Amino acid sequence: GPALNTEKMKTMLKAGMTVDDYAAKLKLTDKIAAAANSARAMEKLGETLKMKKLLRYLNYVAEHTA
């Protein structure tokens, strides 16, 4: 995506940013905690640009492991 691409994620991973670190940068950590418990909070979080970016980064880091 325009705001978080391939090359930007490579820079984040070189910096040692974990998925959880990036969620904190996004100010999403507490919302994620609420989403694990509440279907309403989950559905709301799932519609966000911030969660889209977070999940993008998560798959990127997994593909660069092992």
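The numbering used is simple: start at 1 and walk along the sequence shown.
Residue 43: CA B factor lies in the middle third for its chain, per the PDB record. Ranked by C-alpha B-factor against the other modelled residues of its chain, residue 62 falls in the middle third. Residue 10 sits in the middle third of its chain by CA B factor, as recorded in the PDB entry. When the modelled residues of the chain are ordered by C-alpha B-factor, residue 53 sits in the lowest third.
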